[PDB]
Amino acid sequence: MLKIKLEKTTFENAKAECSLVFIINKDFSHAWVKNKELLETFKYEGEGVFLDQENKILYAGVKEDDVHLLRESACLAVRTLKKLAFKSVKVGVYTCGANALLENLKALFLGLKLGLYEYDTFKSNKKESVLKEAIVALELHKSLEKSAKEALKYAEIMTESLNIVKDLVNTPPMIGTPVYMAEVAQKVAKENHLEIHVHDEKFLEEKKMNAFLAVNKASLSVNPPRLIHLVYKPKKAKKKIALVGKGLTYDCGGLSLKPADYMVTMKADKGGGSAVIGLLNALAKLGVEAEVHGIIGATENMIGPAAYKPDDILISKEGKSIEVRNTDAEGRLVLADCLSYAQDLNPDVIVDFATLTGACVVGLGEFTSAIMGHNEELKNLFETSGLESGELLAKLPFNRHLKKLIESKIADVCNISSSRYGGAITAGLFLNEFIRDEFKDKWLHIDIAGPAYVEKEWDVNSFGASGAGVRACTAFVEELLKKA
Amino acid sequence: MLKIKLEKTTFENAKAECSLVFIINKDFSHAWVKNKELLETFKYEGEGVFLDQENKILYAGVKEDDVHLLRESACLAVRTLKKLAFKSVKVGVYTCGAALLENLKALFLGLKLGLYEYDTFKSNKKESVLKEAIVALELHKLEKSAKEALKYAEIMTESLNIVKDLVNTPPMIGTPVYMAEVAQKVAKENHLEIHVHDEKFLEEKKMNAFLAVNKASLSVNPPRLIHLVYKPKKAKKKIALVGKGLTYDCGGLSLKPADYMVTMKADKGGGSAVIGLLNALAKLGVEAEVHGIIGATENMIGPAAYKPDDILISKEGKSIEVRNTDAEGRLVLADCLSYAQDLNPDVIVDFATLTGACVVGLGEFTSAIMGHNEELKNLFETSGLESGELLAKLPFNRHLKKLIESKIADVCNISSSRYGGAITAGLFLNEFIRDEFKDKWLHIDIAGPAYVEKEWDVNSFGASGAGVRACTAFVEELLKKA
Amino acid sequence: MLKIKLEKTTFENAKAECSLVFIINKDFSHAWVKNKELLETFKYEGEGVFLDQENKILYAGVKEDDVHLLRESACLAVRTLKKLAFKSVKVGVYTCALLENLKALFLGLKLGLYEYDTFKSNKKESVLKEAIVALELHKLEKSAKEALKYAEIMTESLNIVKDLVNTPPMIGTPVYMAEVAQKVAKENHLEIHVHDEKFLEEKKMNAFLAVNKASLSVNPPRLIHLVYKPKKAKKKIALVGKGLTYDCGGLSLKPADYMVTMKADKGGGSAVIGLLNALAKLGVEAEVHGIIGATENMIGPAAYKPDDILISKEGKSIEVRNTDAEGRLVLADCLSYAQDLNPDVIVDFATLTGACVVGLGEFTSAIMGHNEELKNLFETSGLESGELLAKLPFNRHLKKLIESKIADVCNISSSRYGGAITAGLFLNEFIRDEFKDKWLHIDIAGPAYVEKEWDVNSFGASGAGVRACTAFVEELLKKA
Ligand SMILES: CC(C)C[C@H](NC(=O)[C@@H](O)[C@H](N)Cc1ccccc1)C(=O)O
Ligand SMILES: CC(C)C[C@H](NC(=O)[C@@H](O)[C@H](N)Cc1ccccc1)C(=O)O
Ligand SMILES: CC(C)C[C@H](NC(=O)[C@@H](O)[C@H](N)Cc1ccccc1)C(=O)O
Ligand code: NA
Ligand code: NA
Ligand code: NA
Ligand SMILES: [Zn+2]
Ligand SMILES: [Zn+2]
Ligand SMILES: [Zn+2]
Ligand SMILES: [Zn+2]
Ligand SMILES: [Zn+2]
Ligand SMILES: [Zn+2]
């Protein structure tokens, strides 16, 4: 954890073992640029970072006056400083293109804190960084104390929440079992004084969640499944909100086995479920005025003599029958039954998160999540809020032609499309078949298969897990409640 | 089971139901070529074998004056006679380009290996009428040399055939437990110390890389860590031989295609060779303390299988990012090499059917030698080649070493590149060799010649016993200098 | 280019706009480390480079006390300074034998400026133009100028090869290759013959012609023959290079993943052109012939085919089963041409097999042949010159794998294993008995072109083969 200290003082009078100065749009004119000549001599033009050794100033370029760009640079700066021997760094308050001040303060604070994270638990050479603190001089680069206090609280809560999700998603599958997911949820419940229910395969059987159970059949005797149900219930609740996540702690494809090149990183198939656990932590600690339910269907999708099969026809909890033609479309089966369980809560809003389809990633790229559903106003609110939080998102539209592609000749619906095209969307349309008529205008489906796990550093994300979904959904709920 | 009888007599005065005469480099001039006109009449030009029916003489061609080609020809000759009705064959003593002792070993070994074939499951299996080769101690171009060569031939034939029978055993039968049983027999035969450890011992020693490979099949065929010890009255060196005993390798969750999974019963080639080596080295009575270490397990697929993305803590302590479960042998070896080093040996050699890339690079008939110590690598190569095995050194370099980095562990069990697989596998093993052992270590990748689906040289279809002769010759030459 | 000035002065007294200091094996004790505590403060421990801003000193780490790593670091140091605004750098003399170290430093430094950035719009001229070498030992003048001459010639020669190999295939045609060879011949006053398809027809080089058939009417083939003939020649040496200016695999078409980078299939032929330039400028005492068979291997309605049976110039017939084994067909005929010259030594260079790259990795070339002494000489000399090499052994089992039921030999192996070696054994079929002990085959499929920076090589072409064959020829002549 990078500690951030707010101090009522000029940047110049603040004390720290080094300084951080951002260069926005190649503007080197500010008083905080102490030795402009050194930068010219070594040809620093505001791209990436540059360290003035004599003055111990780290400059960090921000290409455009942009909050999103600010968050990224602040992260890079701390990553850079993490490998050095300075115990502390001081920085002033910036106000880039975004109200604006608060969002700029949030981006600076979160960015800085996120620069310390890397999944290095298993590396033998790992070092504790010397860098422990950032001193924030409450002075404008261009009430401030109140807004900085508000942004620091957000940054503290969101960093913790993001890092919970990332440590879990990054956890290797021999360790990160469904039972392990439940234990992480149990800690979060105890920390936040939440209600938690952890159900097993017998509960699933009693509730007739046979789609969920089918996916688990191969591995039941090794790693039994867990239906994790977290509840945050404050004194004033303006809305009941259900967050449903795909908790696939390992997806090998089942009998429809994945090729080796595609099976690697599937420890991250619990990205959605993990994001939901982090969301209950964030929303509880932010004390939002809503009753929030976190529902995670956790299981592996393994191969073995008891595995569910292409040609199986499963009776969903909702009652509809499902022709299985490919066991590698397992997430939507777990989700079919978890969404059904969710609707039994009679929520006002349902949002599911899932690393659901490769086709989403092909369509949007690795860095962007897809938003699906019927209510355009609701989808727009999630998109607008999520983009502001710094996540990349795109709506994908249903249509009636795609809907026909998941027809089955021998069941009510097929777990794959008859076409090679439109996979993210036909998957969302599969889920729709399990959304009751009275919840169709209250449901969002978010496919985070891309950004939940990426094998390189990008933006505020280190190699591996990113915590995709958490910032966007938090922003969406806050904006939702502001209107209620 | 081909008895060789040495006789103080001329080739002509020796008695047997038929004769074997080698034709070297198409030279038909020798007195032993009894009816030359017959060979002309039927266009025998010294390629392969030809049987003079009236004189009951089998001619066997040796294309060049070469001791290796003589070994091969002797094998082919007996293979030919095995199918006939002569109980005995007589042969003289030959001396091709090598020397006398080397040539006698070639002849006697070649002849004995001619009888071997894996026909255990054939319903039309026939026992051979051919039982003996009478060797007339007369030079084509001694008794002390012949005796010494016969001893080697007898021990090496037995040793190679132990290994070949084990490697050829199909996987339903040839389990890790089965390997341990064969090791027990060899230990009992040679009065060796033997330890057979199970998964509980593996857990105690934190050999989690080894354990991970076995997890899919633990409840079906549990793993075995086999440890043989030969300890002579005089021991000039302490030598640890480490073998990959993968009794089946389906690739795990990173499942092999069907065309590539067939023959993987032979993924126990390296561990099997180590078992045969303890037999050979004990009976030869070499002046070295020899440890044979075999990590035996299957690599199966199932709901408890270890996975791409698993990160395993090796016994040595280094963490391993698994990105492909079909790179399993190097995990088992990482832990078996750690166990080996705790013995503080002077020399460590490992044998493994480890990479397809080795076979692509060298061909199916040649094993790769890797390591740091050039004198030690050269000694294995020269000794090995002299013993009749085909070998090649493959060099490490710093560029290949970077390719097994991991972003989230100390090392990755696969390379980032499609190129140089045999050598990056070697460099993976290197990460588990302590500094104080790096100049005492050889890695031998026998993925090619350990199992080949045709007859070649002195090798029948299937298992060849690769690594046994070469490592024997290496140890003998090593003890000469000590 | 990077000018190197040798100056008889101390490192301290030498003048340049910045300094270069090597840190060998994390030894920071030397006088030239001007401000130690700065390195401590910023956790520089001698890996990669570090720039002392105040003193304008670039430190470059050398992990071990090794001449090869010195070569590498020197290159990295200059790549680093190239992006900066200093016009000159000064460096002392290092010894990680003295001649060998001086050659590595000077070559290393000069190779630091090479990038294939011809088609980049943002390319800007470098400020860095000179390295001032203070003739003072870290731990001489005659060795320095000897190493400087080598470095200058070898940098020129390597960059000739890399520019050519890097040239994209629409431009880098067989005619274009012959043009680069014409420039090298004119520069060095060499004898040069450039033959076309009519000459190939007359010489019955039908294996070569077959590969060219698809694209004859677009880019005709060229047989390039350079001759260096000095006043004193102790040996006659033929250097034979595969000049496939593009290899799409022909009818046996390559998938997209594998076709990209095949502009570099002229790696071997390009290496031979650079060799002739190096060996002539070094004035070695040997008559050296450089023979390059240049053509594309394209697909089209006139393409040669799997099932074609070709009559080589040597006379042996070849069953084609895969048109993507085209290099060995060009080489079969070029080797025949080479042997007619009655050389004492023949070395061929070719980016010939993927199997070689699979077996050895991308950074190492394979050496094949019969004469162990000749192979050991090439290997040892090449390793000292800074190239990574391995010998691959023939054997009789592999030789059987290229038999044909309907021709004298097949242009592919019947097995998926041992491809670099069975390719060598295919070439062997066209080497006369009287040349078999005078022949080396070098498969540079790996390091001739690599899509990243490594050692002294920038992205793309490396100039593989040139340094090693130069060192081998120089060492060969010592024995004569
Ligand atoms: C078989 C298809 C109909 C469905 C299939 N979906 C899956 O395999 C999901 O279970 C995968 N978990 C989807 C995924 C892909 C890439 C990165 C993260 C997650 C897909 O390929 O999209
Ligand atoms: C996944 C790859 C990085 C490693 C993989 N290696 C293996 O599958 C080994 O376990 C095989 N047992 C190696 C082998 C290949 C061919 C013949 C005999 C033995 C290989 O393909 O070489
Ligand atoms: C068809 C095979 C017998 C031969 C085939 N060889 C070729 O395609 C050569 O013409 C290629 N030019 C060899 C090559 C491969 C990879 C990188 C650099 C160079 C090969 O794949 O090795
Ligand atoms: Na992803
Ligand atoms: Na094999
Ligand atoms: Na290459
Ligand atoms: Zn799946
Ligand atoms: Zn999945
Ligand atoms: Zn394997
Ligand atoms: Zn294996
Ligand atoms: Zn080709
Ligand atoms: Zn080619």
Side-chain angles (χ1 to χ4, degrees), chain A residues 166 169-170 173 178 211-212 214-216 218-219 245-259 261-275 296-303 308 310 322-336 338 352-370 391-392 396 402 405-406 408 413-431 445-459 461-469, chain B residues 307-309:
Chain A
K166 287 189 301 187
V169 176
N170 281 325
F212 187 165
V215 179
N216 176 259
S219 46
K246 171 178 176 177
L248 260 286
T249 64
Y250 201 73
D251 182 14
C252 82
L255 285 172
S256 310
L257 190 70
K258 293 181 174 301
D261 290 349
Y262 287 93
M263 199 189 287
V264 75
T265 80
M266 285 301 139
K267 69 178 184 182
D269 212 21
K270 57 190 189 295
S274 301
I296 303 95
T299 179
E300 297 165 316
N301 183 30
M302 297 301 290
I303 190 169
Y308 83 122
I322 305 165
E323 181 199 354
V324 180
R325 290 186 73 82
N326 189 309
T327 60
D328 201 16
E330 89 290 340
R332 68 195 68 186
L333 304 183
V334 171
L335 284 180
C338 286
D352 72 75
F353 297 89
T355 47
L356 200 53
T357 68
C360 184
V361 198
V362 167
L364 294 184
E366 284 195 84
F367 316 96
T368 303
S369 297
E391 307 208 38
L392 297 166
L396 298 182
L402 297 178
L405 307 179
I406 66 183
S408 177
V413 74
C414 185
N415 84 318
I416 65 167
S417 168
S418 69
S419 176
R420 325 175 291 276
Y421 309 106
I425 309 184
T426 46
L429 283 164
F430 182 90
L431 298 179
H445 162 53
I446 316 295
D447 192 338
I448 62 171
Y453 195 92
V454 184
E455 288 195 310
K456 71 182 181 178
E457 300 197 321
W458 60 289
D459 193 44
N461 315 294
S462 56
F463 177 108
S466 70
Chain B
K307 310 166 173 59
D309 294 346

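Hydrogens, waters and symmetry mates are skipped; everything else that's a heavy atom, side chains included, is used. Numbered from 1 within each chain, the chains take letters A, B, ... in sequence-line order. One-based numbering, in listed order, for ligands and for the atoms of each.
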State, with a plain yes or no, whether a side-chain heavy atom of [X] is found less than 4.5 Å away from one of [Y].
X        : Y        : answer
A:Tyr250 : A:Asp269 : no
A:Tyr453 : A:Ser466 : no
A:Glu330 : A:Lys246 : yes

Name of the [X] N, O or S atom nearest the Zn ion (ligand 8)?
X        : value
A:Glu330 : OE2
A:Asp251 : OD2
A:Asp269 : OD2

Counting backbone and side chain alike, does A:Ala268 bring an N/O/S atom below 3.0 Å of the Na ion (ligand 4)?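 It does not; every qualifying atom lies at 3.0 Å or beyond.
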Has A:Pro451 got an N/O/S atom less than 3.0 Å from the Na ion (ligand 4)? no
What is the closest protein heavy atom to [atom], and at what distance does it sit?
atom                    : value
atom 20 (C) of ligand 1 : A:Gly358 N, 3.7 Å
atom 18 (C) of ligand 1 : A:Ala449 O, 3.6 Å
atom 19 (C) of ligand 1 : A:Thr355 O, 3.6 Å
atom 8 (O) of ligand 1  : A:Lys258 NZ, 2.8 Å
atom 16 (C) of ligand 1 : A:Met266 CE, 4.1 Å

[X] (side chain) donor-acceptor with [Y] (main chain) under 3.5 angstrom:
X        : Y        : value
A:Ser256 : A:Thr327 : yes
A:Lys166 : A:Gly467 : no
A:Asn415 : A:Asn326 : yes
A:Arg325 : A:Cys414 : no
A:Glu300 : A:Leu248 : no
B:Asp309 : A:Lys267 : yes

Under 4.0 Å, heavy atoms only, figure out whether ligand 1 is touched by the backbone of [X], its side chain, both or neither.
X        : value
A:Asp251 : side chain
A:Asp269 : side chain
A:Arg325 : neither

Subset of ligand 1 atoms that lie under 4.0 Å from at least one heavy atom of [X]:
X        : answer
A:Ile416 : 3 (C)
A:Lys246 : 9 (C), 10 (O), 11 (C), 12 (N)
A:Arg332 : 4 (C)
A:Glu330 : 10 (O)

Please state the angle at the Na ion (ligand 4) spanned by O of A:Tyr453 and O of A:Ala449: what is it, rounded to 10 degrees? 150°
Can A:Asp447 and A:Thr357 be counted as having a side-chain donor-acceptor contact under 3.5 angstrom?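 A donor-acceptor contact under 3.5 Å links the two side chains.
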Could you tell me whether A:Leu356 and ligand 1 have an N or O pair separated by under 3.5 Å?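 Yes, at least one N or O pair falls under 3.5 Å.
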For ligand 1, is there an N or O atom under 3.5 Å from any N or O atom of A:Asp328?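 For ligand 1, there is an N or O atom that lies under 3.5 Å from one belonging to A:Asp328.
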Would you say A:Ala354 reaches the Zn ion (ligand 8) with an N/O/S atom under 2.8 Å? no
For atom 2 (C) of ligand 1, state whether the nearest protein heavy atom is under 4.0 Å away. no
